[PDB]
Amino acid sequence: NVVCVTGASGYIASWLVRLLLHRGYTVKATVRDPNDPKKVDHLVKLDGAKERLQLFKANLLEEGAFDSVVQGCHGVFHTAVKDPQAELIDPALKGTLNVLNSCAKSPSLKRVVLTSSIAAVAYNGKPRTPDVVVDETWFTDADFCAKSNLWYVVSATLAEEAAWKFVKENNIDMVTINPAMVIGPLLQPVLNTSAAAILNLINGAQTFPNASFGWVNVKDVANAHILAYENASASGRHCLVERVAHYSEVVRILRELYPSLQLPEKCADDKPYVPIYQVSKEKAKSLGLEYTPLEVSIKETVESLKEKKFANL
């Protein structure tokens, strides 16, 4: 009943902590500084945290920093620029392996749930159009993406590759959750890139980007982590994308939800819209997960943005 959640202050991690606590788990959560109230208050306030949330100090870039915290845990949820190598790739790989090394020496460990990204699966060079169905058999081609300076994609891909290689050689049971853009309600007055993209659309923007991304609800993502951990038969990677939508469609939905809200009518450019495509939901559904529709996620995001004082409509 004891599990560890790294980088507990994160958006996805905070929701995972909330849901784990509600299920009765004892959660050992790590943050860079547990003595900083402004960054742990949203966690301590969660229902059940007072009795079952145990905070520990740990930094991903510090070797062996997670050795003791993972001990005694049956499950470990690892959810935690100029030069892309030293400032992005290197730290991402080091952190992942640092945590995994600690897991390799924990006798009580049963399974590791690693938070990855759709970035590690969709970019292999194949076109992504309306009738194409991307699934877990797709693996991003790092070298290919590097030629386009898609360093965040490269980093996420190399990180997951390294993770799988390590757990196979160290006999560790690991599953990964691979979400796209994550939106939904906020637990604290801080925004992730995804929520920020939505905010930009509703606070006076003259245009919307010519871009199509996969979108998913943070609650669905957190639940997927829990289900992938509890279900013994779960394995491999899990695409967490409710649907892919162009910003024009996101804006259309916003107009439907808020008929009097001023919204951008012009696309950033005059080129054809980046096409949308499909992403398999099969694996996540096989665990019993139900997907929250895009219109609901957008609604929850906007309402939270207002509640947290980011938007005044």
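Residues carry their position along the shown sequence, with the first being 1.
Peer 1: Can you count, per the entry, how many deposited residues between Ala80 and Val81 come without coordinates? Answer none, 1 to 3, 4 to 9, or 10 or more.
Peer 2: Some 4 to 9 residues are missing between them.
Peer 1: Quick check: 239 to 247 versus 202 to 210, which has the larger average CA B-factor in the record?
Peer 2: Comparing 202 to 210 with 239 to 247, the higher mean C-alpha B-factor belongs to 202 to 210.
Peer 1: Mean Cα B factor from the PDB record: higher for 105 to 113, or higher for 81 to 89?
Peer 2: Averaging CA B-factors over each stretch, the winner is 81 to 89.
Peer 1: Between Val274, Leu43, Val70, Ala284, let me know which has the highest C-alpha B-factor in the entry?
Peer 2: The C-alpha B-factor peaks, among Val274, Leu43, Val70, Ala284, at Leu43.
Peer 1: For the chain shown, is the CA B-factor of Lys165 in the lowest, middle or highest third of its modelled residues?
Peer 2: Tercile = middle for this residue's CA B-factor.
Peer 1: Taking the entry's C-alpha B-factors for this chain, is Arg255 in the lowest, middle or highest third?
Peer 2: CA B-factor rank for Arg255: middle third.
Peer 1: Ordered by C-alpha B-factor within the chain, which third holds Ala232? Give me lowest, middle or highest, please.
Peer 2: As the PDB entry reports it, the C-alpha B-factor of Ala232 lands in the highest third of its chain.
Peer 1: Ranking the modelled residues of this chain by C-alpha B-factor as given in the entry, is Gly125 in the lowest, middle or highest third?
Peer 2: Ranked within chain, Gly125 CA B lands in the highest tercile.
Peer 1: What third of its chain's C-alpha B-factors does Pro179 belong to: lowest, middle or highest?
Peer 2: Lowest third.
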